[PDB]
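These are the residues of each chain, in order.
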Amino acid sequence: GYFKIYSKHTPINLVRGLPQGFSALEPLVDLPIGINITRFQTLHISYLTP
Amino acid sequence: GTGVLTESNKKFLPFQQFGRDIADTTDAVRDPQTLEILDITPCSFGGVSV
Ligand SMILES: *[C@@H]1O[C@H](CO)[C@@H](O)[C@H](O)[C@H]1NC(C)=O
């Protein structure tokens, strides 16, 4: 019943592809939401241009 | 427990509360009120030969 998020932000100079290397993900926040989750979707930003 | 609490320079992460030693003993503790790191050392003991 705890929704735990771990995060890590690294500067990558690679142009394409998942980098090869090691980086540990420090915890970001844990929330006692206590709900059932089976699916998820990502949200992106939209840049409106003339 | 029981021991000597010495202020220590353990590099505790913000989400870490205590540091178990290799022997899984709580070597260091974060003070709950003042968020500082205190190393715990067992009080002096030894054998006494005559
Ligand atoms: C109360 O505890 C909080 C969190 O450890 C700490 O930031 C604050 O200084 C404490 N204040 C008192 C009154 O001890």
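- The deposited coordinates for this entry were obtained by cryo-EM, with a reported resolution of 3.5 Å.

**Concerning the overall build of chain B**
Phase 1 of the analysis: Looking only at helices and strands, chain B features zero helices and four strands.
Phase 2 of the analysis: Ordered by position in the sequence, the α and β elements of chain B form the string β-β-β-β.
Phase 3 of the analysis: In terms of overall size, chain B is more extended than a compact globule, its C-alpha atoms giving a radius of gyration of 13 Å where 50 residues would be expected to give roughly 10 Å.
Phase 4 of the analysis: In terms of its C-alpha atoms, chain B occupies a principal-axis envelope of roughly 50 × 20 × 20 Å.
Phase 5 of the analysis: For chain B, the residues scored as buried account for 16% of the 50 residues in total.
Phase 6 of the analysis: A fraction of 38% describes how many contacts in chain B between residues 6 or more apart in sequence connect residues 24 or more apart.
Phase 7 of the analysis: Surface exposure of chain B reaches about 4,400 Å², of which carbon and sulfur atoms provide 55%.
Phase 8 of the analysis: If you average the places of the 4 positive and of the 7 negative side-chain charges in chain B, the two averages end up 7 Å apart.

**Things to note about the environment of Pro32 of chain B**
Residue and element names in this part refer to chain B.
Phase 1 of the analysis: You can see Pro32 is positioned in the loop between β3 (26-30) and β4 (37-41).
Phase 2 of the analysis: Judged by its relative accessible area of 69%, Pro32 is exposed.
Phase 3 of the analysis: C-alpha of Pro32 to C-alpha of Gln17: the two residues are 15 residues apart in sequence and 8.5 Å apart in space.

Reading the values: rules and limits
- Residues numbered from 1 in each chain as written, not as in the entry; some residues may be left out.
- Chains lettered and ligands numbered in written order.
- Part of a larger assembly, values for the part shown.
- Heavy atoms only, no water.
- Helix = DSSP H or I, 4+ residues; strand = E, 2+ residues; numbered from the N terminus.
- Rg over C-alpha atoms; globule rule 2.2 N^0.38 Å.
- Buried < 20%, exposed > 50% of the residue type's maximum accessible area, 1.4 Å probe, protein only.
- Contact = heavy atoms within 4.5 Å.
- Areas by Shrake-Rupley, 256 points an atom, 1.4 Å probe, with all protein chains shown as cover.
- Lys, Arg positive; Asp, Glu negative; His and termini not counted.
- Charge placed at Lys NZ, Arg CZ, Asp CG, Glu CD.

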